[PDB]
>>> print(open('query-v1.cif').read())   # mmCIF, C-alpha atoms
data_data
loop_
_atom_site.group_PDB
_atom_site.id
_atom_site.type_symbol
_atom_site.label_atom_id
_atom_site.label_comp_id
_atom_site.auth_asym_id
_atom_site.auth_seq_id
_atom_site.Cartn_x
_atom_site.Cartn_y
_atom_site.Cartn_z
ATOM 1 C CA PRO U 3 118.239 90.125 110.067
ATOM 2 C CA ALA U 4 117.330 93.258 108.049
ATOM 3 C CA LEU U 5 113.555 93.865 108.109
ATOM 4 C CA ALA U 6 111.628 95.716 105.375
ATOM 5 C CA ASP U 7 110.335 99.273 106.102
ATOM 6 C CA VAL U 8 106.692 100.234 105.436
ATOM 7 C CA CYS U 9 105.370 103.809 105.504
ATOM 8 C CA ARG U 10 102.690 104.334 108.117
ATOM 9 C CA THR U 11 100.446 105.971 105.438
ATOM 10 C CA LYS U 12 100.692 102.912 103.123
ATOM 11 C CA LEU U 13 99.259 100.514 105.753
ATOM 12 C CA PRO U 14 95.616 99.465 105.742
ATOM 13 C CA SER U 15 93.311 102.005 107.420
ATOM 14 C CA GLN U 16 92.654 99.430 110.180
ATOM 15 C CA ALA U 17 96.395 99.110 110.929
ATOM 16 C CA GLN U 18 96.602 102.888 111.281
ATOM 17 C CA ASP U 19 93.518 102.757 113.561
ATOM 18 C CA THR U 20 95.467 100.353 115.820
ATOM 19 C CA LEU U 21 98.526 102.636 115.843
ATOM 20 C CA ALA U 22 96.206 105.470 116.974
ATOM 21 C CA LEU U 23 94.652 103.358 119.764
ATOM 22 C CA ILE U 24 98.143 102.446 121.022
ATOM 23 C CA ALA U 25 99.097 106.165 121.157
ATOM 24 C CA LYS U 26 95.882 106.780 123.120
ATOM 25 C CA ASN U 27 96.241 103.588 125.266
ATOM 26 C CA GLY U 28 92.940 102.183 124.145
ATOM 27 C CA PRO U 29 90.331 101.434 125.195
ATOM 28 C CA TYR U 30 91.086 98.387 122.990
ATOM 29 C CA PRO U 31 88.611 96.144 121.046
ATOM 30 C CA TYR U 32 90.006 92.852 122.368
ATOM 31 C CA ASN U 33 90.889 91.392 125.747
ATOM 32 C CA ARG U 34 94.209 90.066 124.210
ATOM 33 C CA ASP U 35 95.288 93.528 123.075
ATOM 34 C CA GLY U 36 98.318 94.595 125.076
ATOM 35 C CA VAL U 37 99.646 91.148 125.859
ATOM 36 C CA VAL U 38 103.391 90.352 125.641
ATOM 37 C CA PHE U 39 104.820 89.055 122.370
ATOM 38 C CA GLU U 40 107.832 86.815 123.064
ATOM 39 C CA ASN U 41 109.597 86.954 119.600
ATOM 40 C CA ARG U 42 110.452 83.248 119.957
ATOM 41 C CA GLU U 43 111.603 83.055 116.313
ATOM 42 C CA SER U 44 113.973 86.064 116.622
ATOM 43 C CA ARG U 45 112.275 87.931 113.696
ATOM 44 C CA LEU U 46 112.391 91.227 115.599
ATOM 45 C CA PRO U 47 115.624 92.387 117.241
ATOM 46 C CA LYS U 48 116.232 90.183 120.290
ATOM 47 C CA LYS U 49 115.718 91.856 123.608
ATOM 48 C CA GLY U 50 114.807 90.925 127.157
ATOM 49 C CA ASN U 51 111.578 89.382 128.304
ATOM 50 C CA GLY U 52 108.450 91.586 127.966
ATOM 51 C CA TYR U 53 110.098 94.060 125.526
ATOM 52 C CA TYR U 54 107.324 93.517 122.899
ATOM 53 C CA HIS U 55 103.514 93.670 123.053
ATOM 54 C CA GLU U 56 100.969 92.774 120.352
ATOM 55 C CA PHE U 57 97.734 94.545 119.339
ATOM 56 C CA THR U 58 95.023 93.301 116.958
ATOM 57 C CA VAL U 59 94.474 95.060 113.639
ATOM 58 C CA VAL U 60 90.772 94.666 112.864
ATOM 59 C CA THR U 61 89.884 92.545 109.861
ATOM 60 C CA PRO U 62 86.412 93.645 108.703
ATOM 61 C CA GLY U 63 84.207 90.648 108.025
ATOM 62 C CA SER U 64 85.680 87.674 109.760
ATOM 63 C CA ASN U 65 83.764 86.335 112.697
ATOM 64 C CA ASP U 66 87.047 85.979 114.592
ATOM 65 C CA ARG U 67 89.958 88.174 115.675
ATOM 66 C CA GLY U 68 91.941 87.273 112.498
ATOM 67 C CA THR U 69 95.679 87.400 111.843
ATOM 68 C CA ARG U 70 96.812 91.017 111.467
ATOM 69 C CA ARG U 71 98.853 92.653 114.218
ATOM 70 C CA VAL U 72 100.999 95.575 115.374
ATOM 71 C CA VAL U 73 103.874 94.739 117.729
ATOM 72 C CA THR U 74 105.427 97.570 119.750
ATOM 73 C CA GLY U 75 108.804 97.667 121.469
ATOM 74 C CA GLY U 76 109.830 99.204 124.809
ATOM 75 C CA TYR U 77 111.153 102.485 123.345
ATOM 76 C CA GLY U 78 108.231 102.863 120.895
ATOM 77 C CA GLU U 79 109.362 100.769 117.917
ATOM 78 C CA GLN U 80 106.364 99.721 115.782
ATOM 79 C CA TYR U 81 106.113 96.676 113.513
ATOM 80 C CA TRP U 82 103.451 95.398 111.130
ATOM 81 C CA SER U 83 102.516 91.723 110.727
ATOM 82 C CA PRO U 84 99.514 90.716 108.527
ATOM 83 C CA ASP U 85 99.980 86.984 109.141
ATOM 84 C CA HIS U 86 100.101 86.142 112.884
ATOM 85 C CA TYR U 87 103.844 86.913 113.262
ATOM 86 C CA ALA U 88 105.075 85.020 110.168
ATOM 87 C CA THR U 89 106.451 88.316 108.814
ATOM 88 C CA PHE U 90 107.240 91.758 110.179
ATOM 89 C CA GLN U 91 107.906 95.154 108.639
ATOM 90 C CA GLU U 92 109.251 98.072 110.720
ATOM 91 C CA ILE U 93 106.696 100.914 110.484
ATOM 92 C CA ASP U 94 108.130 104.220 109.315
ATOM 93 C CA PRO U 95 106.177 107.020 111.036
ATOM 94 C CA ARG U 96 107.515 109.765 108.722
ATOM 95 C CA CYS U 97 105.801 108.634 105.518
#
>>> encode(input="query-v1.cif", output="structure tokens")
Amino acid sequence: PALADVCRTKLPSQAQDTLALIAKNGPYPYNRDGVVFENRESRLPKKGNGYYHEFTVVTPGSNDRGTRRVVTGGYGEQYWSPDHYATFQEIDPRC
């Protein structure tokens, strides 16, 4: 299943903030940051257990954590999802 590409620079500032915290290894804003994402719908390439982890992308002015996420892979693949894993774009770091 071909995924859409999105340029890192075109993402919301908060998504880019997350990408920067991942590169730095936190400290993260949420306790659930870093947990395994299981890809149970096969939207990302299918891999072995624990290949993917999710990180929250801050949504200014909820009260809650919200829906926006980055998912990373085991070799450093990065994916954007604004909608709690309903959709994914592969993040292009070169634009």
>>> resolve_selection(input="query-v1.cif", expression="the PyMOL selection byres ((chain U and resi 75-82) around 9)", output="number ranges by chain")
U: 7-8, 13, 17, 21, 46, 52-55, 70-74, 83-84, 87, 89-95
>>> write_last_selection(input="query-v1.cif", atoms="C-alpha atoms", output="PDB file, in the frame of the given file")
ATOM      1  CA  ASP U   7     110.335  99.273 106.102  1.00  0.00           C
ATOM      2  CA  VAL U   8     106.692 100.234 105.436  1.00  0.00           C
ATOM      3  CA  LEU U  13      99.259 100.514 105.753  1.00  0.00           C
ATOM      4  CA  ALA U  17      96.395  99.110 110.929  1.00  0.00           C
ATOM      5  CA  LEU U  21      98.526 102.636 115.843  1.00  0.00           C
ATOM      6  CA  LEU U  46     112.391  91.227 115.599  1.00  0.00           C
ATOM      7  CA  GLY U  52     108.450  91.586 127.966  1.00  0.00           C
ATOM      8  CA  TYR U  53     110.098  94.060 125.526  1.00  0.00           C
ATOM      9  CA  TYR U  54     107.324  93.517 122.899  1.00  0.00           C
ATOM     10  CA  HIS U  55     103.514  93.670 123.053  1.00  0.00           C
ATOM     11  CA  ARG U  70      96.812  91.017 111.467  1.00  0.00           C
ATOM     12  CA  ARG U  71      98.853  92.653 114.218  1.00  0.00           C
ATOM     13  CA  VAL U  72     100.999  95.575 115.374  1.00  0.00           C
ATOM     14  CA  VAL U  73     103.874  94.739 117.729  1.00  0.00           C
ATOM     15  CA  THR U  74     105.427  97.570 119.750  1.00  0.00           C
ATOM     16  CA  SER U  83     102.516  91.723 110.727  1.00  0.00           C
ATOM     17  CA  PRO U  84      99.514  90.716 108.527  1.00  0.00           C
ATOM     18  CA  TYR U  87     103.844  86.913 113.262  1.00  0.00           C
ATOM     19  CA  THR U  89     106.451  88.316 108.814  1.00  0.00           C
ATOM     20  CA  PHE U  90     107.240  91.758 110.179  1.00  0.00           C
ATOM     21  CA  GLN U  91     107.906  95.154 108.639  1.00  0.00           C
ATOM     22  CA  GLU U  92     109.251  98.072 110.720  1.00  0.00           C
ATOM     23  CA  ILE U  93     106.696 100.914 110.484  1.00  0.00           C
ATOM     24  CA  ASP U  94     108.130 104.220 109.315  1.00  0.00           C
ATOM     25  CA  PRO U  95     106.177 107.020 111.036  1.00  0.00           C
TER      26      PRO U  95
END
>>> closest_residue(input="query-v1.cif", among="U:10, U:49, U:67, U:96", to="residue 33 of chain U", atoms="all atoms listed in the file")
U:67
>>> atom_distance(input="query-v1.cif", atom1="atom CA of residue 15 of chain U", atom2="atom CA of residue 60 of chain U")
9.5 Å
>>> residues_around(input="query-v1.cif", residues="segment 30-32 of chain U", least_positions_apart="2", cutoff="10 Å", atoms="all atoms listed in the file", output="PyMOL selection string")
chain U and resi 20+23-24+26-28+34-36+57-60+67
>>> atom_distance(input="query-v1.cif", atom1="atom CA of residue 39 of chain U", atom2="atom CA of residue 69 of chain U")
14.0 Å
>>> closest_residue(input="query-v1.cif", among="U:11, U:40, U:64, U:4", to="residue 97 of chain U", atoms="all atoms listed in the file")
U:11
>>> atom_distance(input="query-v1.cif", atom1="atom CA of residue 43 of chain U", atom2="atom CA of residue 6 of chain U")
16.7 Å
>>> axis_aligned_box(input="query-v1.cif", around="segment 24-41 of chain U", padding_each_side="4 Å", output="lines of an AutoDock Vina configuration file")
center_x = 99.1
center_y = 96.8
center_z = 122.7
size_x = 29.0
size_y = 28.0
size_z = 14.3
>>> decode(input="query-v1.cif", residues="segment 20-31 of chain U", atoms="N, CA, C and O atoms", output="PDB file, in the first residue's frame")
ATOM      1  N   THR U  20       8.007  17.519  17.910  1.00  0.00           N
ATOM      2  CA  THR U  20       8.045  16.085  18.243  1.00  0.00           C
ATOM      3  C   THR U  20       9.234  15.391  17.576  1.00  0.00           C
ATOM      4  O   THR U  20       9.999  14.675  18.235  1.00  0.00           O
ATOM      5  N   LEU U  21       9.399  15.604  16.275  1.00  0.00           N
ATOM      6  CA  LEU U  21      10.533  15.024  15.550  1.00  0.00           C
ATOM      7  C   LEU U  21      11.882  15.373  16.205  1.00  0.00           C
ATOM      8  O   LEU U  21      12.808  14.532  16.256  1.00  0.00           O
ATOM      9  N   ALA U  22      11.987  16.612  16.696  1.00  0.00           N
ATOM     10  CA  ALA U  22      13.172  17.108  17.391  1.00  0.00           C
ATOM     11  C   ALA U  22      13.342  16.460  18.769  1.00  0.00           C
ATOM     12  O   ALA U  22      14.438  16.153  19.164  1.00  0.00           O
ATOM     13  N   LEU U  23      12.258  16.253  19.507  1.00  0.00           N
ATOM     14  CA  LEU U  23      12.346  15.531  20.781  1.00  0.00           C
ATOM     15  C   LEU U  23      12.744  14.086  20.611  1.00  0.00           C
ATOM     16  O   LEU U  23      13.476  13.563  21.452  1.00  0.00           O
ATOM     17  N   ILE U  24      12.251  13.427  19.556  1.00  0.00           N
ATOM     18  CA  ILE U  24      12.660  12.048  19.240  1.00  0.00           C
ATOM     19  C   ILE U  24      14.174  11.953  18.954  1.00  0.00           C
ATOM     20  O   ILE U  24      14.828  10.990  19.373  1.00  0.00           O
ATOM     21  N   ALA U  25      14.714  12.937  18.232  1.00  0.00           N
ATOM     22  CA  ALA U  25      16.132  12.942  17.859  1.00  0.00           C
ATOM     23  C   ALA U  25      16.987  13.110  19.110  1.00  0.00           C
ATOM     24  O   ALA U  25      18.078  12.531  19.214  1.00  0.00           O
ATOM     25  N   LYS U  26      16.447  13.882  20.051  1.00  0.00           N
ATOM     26  CA  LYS U  26      17.063  14.154  21.356  1.00  0.00           C
ATOM     27  C   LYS U  26      16.762  13.110  22.449  1.00  0.00           C
ATOM     28  O   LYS U  26      17.364  13.159  23.517  1.00  0.00           O
ATOM     29  N   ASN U  27      15.802  12.224  22.188  1.00  0.00           N
ATOM     30  CA  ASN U  27      15.296  11.228  23.155  1.00  0.00           C
ATOM     31  C   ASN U  27      14.598  11.852  24.359  1.00  0.00           C
ATOM     32  O   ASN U  27      14.832  11.477  25.506  1.00  0.00           O
ATOM     33  N   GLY U  28      13.731  12.809  24.079  1.00  0.00           N
ATOM     34  CA  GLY U  28      13.040  13.498  25.127  1.00  0.00           C
ATOM     35  C   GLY U  28      13.981  14.423  25.878  1.00  0.00           C
ATOM     36  O   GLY U  28      14.989  14.854  25.331  1.00  0.00           O
ATOM     37  N   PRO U  29      13.660  14.717  27.147  1.00  0.00           N
ATOM     38  CA  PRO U  29      12.455  14.271  27.871  1.00  0.00           C
ATOM     39  C   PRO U  29      11.127  14.571  27.164  1.00  0.00           C
ATOM     40  O   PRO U  29      10.972  15.651  26.569  1.00  0.00           O
ATOM     41  N   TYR U  30      10.184  13.628  27.210  1.00  0.00           N
ATOM     42  CA  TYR U  30       8.897  13.790  26.518  1.00  0.00           C
ATOM     43  C   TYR U  30       7.788  14.414  27.385  1.00  0.00           C
ATOM     44  O   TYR U  30       7.837  14.345  28.627  1.00  0.00           O
ATOM     45  N   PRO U  31       6.808  15.096  26.747  1.00  0.00           N
ATOM     46  CA  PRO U  31       5.662  15.647  27.526  1.00  0.00           C
ATOM     47  C   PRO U  31       4.722  14.640  28.164  1.00  0.00           C
ATOM     48  O   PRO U  31       4.160  14.934  29.213  1.00  0.00           O
TER      49      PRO U  31
END
